[PDB]
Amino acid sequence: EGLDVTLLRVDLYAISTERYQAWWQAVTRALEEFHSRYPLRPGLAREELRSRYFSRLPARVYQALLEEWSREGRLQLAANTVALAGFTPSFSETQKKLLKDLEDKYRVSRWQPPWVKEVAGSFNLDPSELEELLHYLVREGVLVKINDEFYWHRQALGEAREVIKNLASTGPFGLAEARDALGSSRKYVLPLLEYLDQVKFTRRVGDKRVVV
């Protein structure tokens, strides 16, 4: 697979229908096994799926292969996992609601997310039941863990990375100037930047940062 018949879109892409339907044959198997073993996980990690069956073909074509199958109503895609169309994790109906509400609290809070502490108080939850739900949201890619008390919704993180790219485009920036850019405060921005250092999105040099 393949050259550049089942045809793709990425600039076009023949793949011998022969092996396009083998490609989807394996995907159904993997995902059934996975959903079957992990009914409380949102799906197979994307890179696990790729590494497992698609290391062969290049990253931007794999993207399109997922993109098309979702389009055909065959896959449900998340920021960082794939699942089959009608898969539904088996949490209690109370927990399903909690997943919706946790997501919302983090979305609406945006650049000033609550701490885990606050959340557990306000949702009236065991640390342990909260850990299960935060964990699934993290597997799924809906929340991202900045440090032991701050999670960020992925939209909020994505939008703060653009803000940082803008800020850095005029040259190295300080913590205060990043706080200005986000109209936020040092309590939130410091953890954000430390997080972005760790994943190598920014890199810190004295009191200044740049975008790598």
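The first residue of the sequence shown is number 1, and the count goes up from there.
Per the record, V10 and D11 are separated by a gap of 1 to 3 residues from the deposited sequence that were not modelled. Higher mean CA temperature factor, per the PDB entry, when comparing 133-141 with 120-128: 120-128. In this crystal structure, the stretch out of 65-73 and 174-182 whose C-alpha atoms carry the higher mean B factor is 65-73. When the Cα B-factors of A156, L40, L49, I164 are read from the PDB record, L49 comes out highest. Annotation for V205: CA B-factor lies in the lowest third of the chain's modelled residues.
Split the chain's modelled residues into thirds by C-alpha temperature factor. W152 is in the lowest one. Ranked by Cα temperature factor within the chain, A160 sits in the lowest third according to the deposited record.
Sorting the modelled residues of the chain by their CA temperature factor places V212 in the middle third.
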